[PDB]
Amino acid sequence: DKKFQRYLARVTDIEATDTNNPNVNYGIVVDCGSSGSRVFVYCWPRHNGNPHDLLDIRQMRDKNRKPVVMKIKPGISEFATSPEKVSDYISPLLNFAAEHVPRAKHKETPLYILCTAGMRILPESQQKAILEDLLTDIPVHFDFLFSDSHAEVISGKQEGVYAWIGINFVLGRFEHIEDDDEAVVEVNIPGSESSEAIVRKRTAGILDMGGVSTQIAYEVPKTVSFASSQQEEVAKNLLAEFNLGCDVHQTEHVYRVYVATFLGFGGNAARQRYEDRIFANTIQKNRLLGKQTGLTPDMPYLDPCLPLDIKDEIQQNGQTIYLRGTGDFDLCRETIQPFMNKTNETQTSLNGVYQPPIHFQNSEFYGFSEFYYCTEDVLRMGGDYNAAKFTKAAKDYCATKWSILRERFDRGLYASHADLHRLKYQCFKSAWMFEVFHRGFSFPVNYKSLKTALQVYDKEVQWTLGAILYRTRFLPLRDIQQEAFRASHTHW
């Protein structure tokens, strides 16, 4: 009903942004990643004066009814030693934005340049060099609102928060009241009595398993009781407390969000760590004294995490170890358990990192990247996750002879996104996905509220959307509280 209407509205309301309307305002965000940089132009109409409503921010739409986006390579981090050269590298992006945003609105349009992993690993001295060249150079060539705070290297925690804001915004979870169809939660605002709890729309957490890293972000509605003051020190760094509303004295839009990123716990990284131990363990006595030493193709290591009868090899330090897949999904899950790096500490997930309790019976999550590729690309069951249906299909895929899988791949049976790498490593990654989810993060096997997906309302999740939404959160104060800040004239 209201979900279908919102679903239908976002897909069909793509009419080009009316640049001739003086009541539209604009904002610009640059995502400075490692592989490159992208710019997004967002617009919104005048705020309706309701303190409970956020801005109606949307991607700008050109005359062709396309999102106003441009991308360039290879990224800003490459100029670690050429900071003076950086302002010309982002010039194609700002000229692109200046074209679409009306000249009259440039002075009132903010520009935000937020850099992620590419700049995080540079020496701090060189990070500051790049920001300063942008800060001193851009204001002369463009009229956008650009200050020291507008150019920044954001942390991975901030990136997770912004992405969490982005998805919940498009899903309408910050629209309050009219939650008649949607689910609601009881919230304890940080630093407030237990009887001051409020009731508002439940939010959706995000699970993202990339090639290298796995990320998890969700809201912690209820007060958390920590076991140790030290545990709280760790949790401090994994918890974000912010206010999305314009009134700092209201609490309706105050959220506590947990964000954790696990380097080396992505699908591909896990497979590499697994192969590393197979390679290292060649000189273990059990491997040497058996017939799975792996030193020649006639005595290969039998890998249950590979499709049945596939022949693979590990090359490292000039040596070579030969493998043969036995396609045992359940045995693969047991083998890769150690690589989650779980400890015996309570309230911890991967790598012994603290995790706030999840109200599983009253929660929902979206699964991105491998969570979707491992359910859809070959198993063809993306969307609502069901452990029983997934484990069965995953088991059957792994037990299928490599030649049969290979023959089906050539006939086009699988998703057009699936390549031979997907066909080969689906088994390991499906089992890794299953274990990270159900024993890494401890989601119940019967969990019914996970939806794997590639996009939401037929559009990619823009963490830049959560960034613009957070940075512009006070603009509604103009339309609303003009009186509160009226100048007081003195009669001397």
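Don't overthink the numbering: it's just position in the shown sequence, from 1.
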Exercise. Is the mean CA B factor in the deposited entry higher across 143-151 or across 263-271?
Worked result: 143-151
Exercise. On average, which has the higher Cα B-factor in the deposited entry, 23-31 or 421-429?
Worked result: 23-31
Exercise. Taking the values straight from the PDB record, which of 376, 193, 219, 252 has the highest C-alpha temperature factor?
Worked result: 193
Exercise. Which one of 348, 400, 125, 243 shows the top CA temperature factor in the record?
Worked result: 125
For this session: Using the B-factors in the PDB entry, rank residue 96's C-alpha atom against the chain and give the third, lowest, middle or highest.
Result: highest
Exercise. Sorting the chain's CA B-factors, does residue 438 end up in the lowest, middle or highest third?
Worked result: lowest
Problem set entry | Third assignment of residue 80 from its chain's C-alpha B-factors | highest
For this session: Just say lowest, middle or highest third for the CA B-factor of residue 54 relative to the other modelled residues in its chain.
Result: lowest
For this session: Would you check the entry's CA temperature factor for residue 215 and let me know if it's in the chain's lowest, middle or highest third?
Result: lowest
